[PDB]
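The structure appears below as structure tokens.
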Amino acid sequence: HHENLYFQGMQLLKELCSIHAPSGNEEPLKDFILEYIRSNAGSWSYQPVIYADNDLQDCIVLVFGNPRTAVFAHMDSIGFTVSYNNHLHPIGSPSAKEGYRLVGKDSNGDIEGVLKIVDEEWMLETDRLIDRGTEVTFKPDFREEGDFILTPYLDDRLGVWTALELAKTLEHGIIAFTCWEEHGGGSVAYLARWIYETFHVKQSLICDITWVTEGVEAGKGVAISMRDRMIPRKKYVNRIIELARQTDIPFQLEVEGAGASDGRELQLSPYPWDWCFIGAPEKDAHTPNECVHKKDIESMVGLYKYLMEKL
Amino acid sequence: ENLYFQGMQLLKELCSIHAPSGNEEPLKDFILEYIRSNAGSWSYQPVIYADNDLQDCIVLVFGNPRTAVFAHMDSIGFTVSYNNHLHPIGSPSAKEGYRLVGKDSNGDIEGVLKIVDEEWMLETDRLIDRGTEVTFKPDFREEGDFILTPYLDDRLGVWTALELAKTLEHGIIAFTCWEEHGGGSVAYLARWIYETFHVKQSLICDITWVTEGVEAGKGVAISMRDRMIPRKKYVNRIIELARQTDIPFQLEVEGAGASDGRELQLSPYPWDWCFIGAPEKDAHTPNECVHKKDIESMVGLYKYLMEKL
Amino acid sequence: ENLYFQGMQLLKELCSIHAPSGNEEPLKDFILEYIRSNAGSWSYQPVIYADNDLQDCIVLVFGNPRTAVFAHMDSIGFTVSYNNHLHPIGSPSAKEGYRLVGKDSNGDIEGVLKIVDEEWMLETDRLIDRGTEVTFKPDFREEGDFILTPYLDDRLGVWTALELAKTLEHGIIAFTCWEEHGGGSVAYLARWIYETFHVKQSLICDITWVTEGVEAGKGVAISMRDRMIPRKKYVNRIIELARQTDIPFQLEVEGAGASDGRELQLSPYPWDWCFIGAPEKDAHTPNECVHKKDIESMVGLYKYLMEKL
Ligand SMILES: [Cl-]
Ligand SMILES: [Fe+3]
Ligand SMILES: [Fe+3]
Ligand SMILES: [Fe+3]
Ligand SMILES: [Fe+3]
Ligand SMILES: [Fe+3]
Ligand SMILES: [Fe+3]
């Protein structure tokens, strides 16, 4: 019984968060999203053309009608790579606190363990020698508390979820599910090329999750990043903000001095892409307790729906 | 009016236009109208490229080009975040007192840099709109054999490019964006120029540093390297050519700093590059200072090299 | 005579050729003369690609390729700046006494590394021309099961590549530049190879570190990751293949270090990559040391993978 293929709302998000897909091994998430799409697309207002193929590695690209804008959400999560003697290296920049519950699978089967900081080096405490190169991930632990949702990997399974929501009604546009976002990228680059060249699209939205801040508060609305480590074109961000205000959808304006997203890869590509990071903010980013307010999920989905239509 | 300035007056003007990384448009707009005013008086009329697929970049194509010169329009500055706190745009010098400027929905803006709570702020008359970019207060001084002003880097380069244009016969001049902050304009210019014109030689027209090795007024700097390393054979070719000249120049060898030349190097296109420009004291401060004789050499060397490469 | 060398003598010669990042030309020149003398003795004759549009890179195409191997010609070293001071080319080891060689307009250069005033420089005869590159003094040694020489990294890769060519039927072998220093050649190789031959699989033929996890003489290393992370399914495929073999290999898992693989990964083309090379002791020192049995595993595994991938 493959019931997950029809999950919805928070149950779908829970599923998405549960799927072990660290950077460099997004394949299982790609597989799920791909079947989910083929199982549900017929219920969408508009049927997209599905691109998944070798020249896209494990990426997925959806093209709805005649697109003008492309949205990018990353399937990869942070995590850790098992090295020698059950030692660990990070995949991306995860939080590393003793006791974090980590899961994975190797040739000897499932793996469960705890993160230990022995001799000032990180390692995986488990009942056996784990195969080298085995990736481990935060143990799924999906919680629904008050107006909140606490789970590992809201970044960016929430983004993936939002994208899929978007797909329910999206008429014109592109939804791209990317790889390696958490760990240096290298998928968006080819996506940047192909989308631009094939569809002549050069506007994007980065569907990812940001931080809750003294300046960006939980439940106060989806965040439009006017900049982070990188800086998009002010006129593009302005234009977005403008459209956002044609709405009663609550949003907050993020101005950070750090952090990067797929947007960076777009910016640095040899293709003249505009980009803007829009997404719900979370507390405890990159921890197994990523927390997001249900209202911001709601705002996020709403702004994406509106932006994708008017951009 | 200004659409007709010249010499140091034009420099002053270029230096006054608020164009930090990511918001180069106002400078683009000016440069573009300025070109359209003056091109007719130039020795050769280039084909002007500006538009959607170039974002806010400008590319001038003169004759049958063999070499492309790149000068960045964007300047360092600050981005007002929350409660008038600031983040850098590029890597500007930060010292309590620096005058900054800008405009929001509530009009013009003028502020001092306050380093309250070891965190950088914009002390100003009210709550500034978020994301509002602030720039060093335009203050143009002609002092001895020197020009002191915010943003010689790289408004001197843009200026130099515009001089070049007066007589350039064969070549490309590209005005770039985001150089001070990560780049991402040159990448597409690297592609388009190479693919369209088959040009793969470049000169990075930008400002470098005054050093015990590169002295003010001892001539334009030909960078043999920085953070990055261009092809020796290319650099040598340039130095050979420069030595065919009585134009003074100095050989810079740095272990740090990057430019538009880096973006080219790293592009999927077989670009040769070389950073060439005047040296300045107090880079990235509001007091950027260059020697008039180094400007002169810069212009001269650029003219020559563009004709000979 | 060198144009015919073999075995370790070919490696000695490769290691002796002064070719730091940004100036790989001499090695290119040697590799090309060499390929043109010996390709005839090979099982299959490749198509040679070296041009203006490849800068100083070389690309060999055997038959109908599915996979591309990349080996970097450039070596670490140092660039002489002002007053015989120095900057690093790549990340070389810095120890007083290190023997350095070069050549400027005043002939040959031989010197040592001096740490004067917390600052690095070259102690030599005379003032060295600015921007002159210097290199570890060749010192090829054969000692037990080991080879000790500067620049095993990546002359051993270059060497391995040349061996592979002796038998390779279908595949691409590319000799790269600037790998030790920010790269910028692979970017265009990635485009060109992918677009022209529809090849999107690679093996990075470079040398890694001897480690508590990767031991000398215990076989060639298949890197599951380093600073970067390749596609797990690709790496798995490689390991699977290696296991069909009696060739010894070790599974490397590092949290740092980059290769030409990174450039491929980050390119606008869907490259799979995997770093496979012998491990070395004392990397980036004049005493790089590798075990012959690992060189033999390396050659062996490349030959096999190129045939099976
Ligand atoms: Cl962000
Ligand atoms: Fe994310
Ligand atoms: Fe993240
Ligand atoms: Fe500059
Ligand atoms: Fe600068
Ligand atoms: Fe190497
Ligand atoms: Fe190396």
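Throughout, protein chains are lettered first and strands after them, A, B, ... in sequence-line order, and every chain is numbered starting at 1. Values below: every heavy atom of this structure, side chains too, minus hydrogens, waters and symmetry copies.
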*Begin from the C-alpha positions of A:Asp274 and A:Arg239 and carry the test salt bridge (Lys or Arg N to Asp or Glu O under 4.0 Å) through to its verdict.*
CA-CA 11 Å; A:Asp274 273 325; A:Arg239 182 160 139 246; 5.1 Å; no

*Using the test side-chain hydrogen bond (donor to acceptor under 3.5 Å, both in side chains), find all partners of B:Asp260 that sit at least two apart in sequence or belong to another chain.*
B:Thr176

_Between B:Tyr49 and B:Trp192, is the ring centroid distance below 6.0 Å?_
yes

*All ring pair (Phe, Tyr, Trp, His ring centres under 6.0 Å) counterparts of B:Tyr188, not counting sequence neighbours*: none

_Set of residues satisfying salt bridge (charged side-chain N to carboxylate O under 4.0 Å, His left out) with respect to B:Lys12, sequence neighbours excluded_ = none

*Pair B:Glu215, B:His291: side-chain N/O donor-acceptor within cut-off below 3.5 Å*: no

_The criterion is salt bridge (charged side-chain N to carboxylate O under 4.0 Å, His left out); which residues satisfy it with B:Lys303, sequence neighbours excluded?_
none

*Distance only, no hydrogens: is a donor on one side chain within 3.5 Å (strictly under) of an acceptor on the other, for B:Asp153 and B:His72?*
yes

*asked:* If the condition is side-chain hydrogen bond (donor to acceptor under 3.5 Å, both in side chains), which residues does A:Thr210 pass it with, not counting sequence neighbours?
replied: A:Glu254

_Within-4.5 Å side-chain heavy-atom neighbours: B:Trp273 and B:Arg262_ = no

*Between B:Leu86 and B:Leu113, is any pair of side-chain heavy atoms under 4.5 Å apart?*
yes

_Do B:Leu168 and B:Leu60 make a side-chain contact, defined as non-hydrogen atoms from C-beta onward lying under 4.5 Å apart?_
no

*Are side-chain heavy atoms of B:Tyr151 and B:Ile207 found at a separation under 4.5 Å?*
no

*With sequence neighbours excluded, what pairs up with B:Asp53 under the salt bridge (charged side-chain N to carboxylate O under 4.0 Å, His left out) test?*
A:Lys202

*Any idea which heavy atoms bring A:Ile206 and A:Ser261 closest together, and the distance?*
CG2-OG, 3.7 Å

*Indicate the atoms forming the closest heavy-atom contact of B:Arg99 with B:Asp139, along with that distance.*
NH2-OD2, 3.3 Å

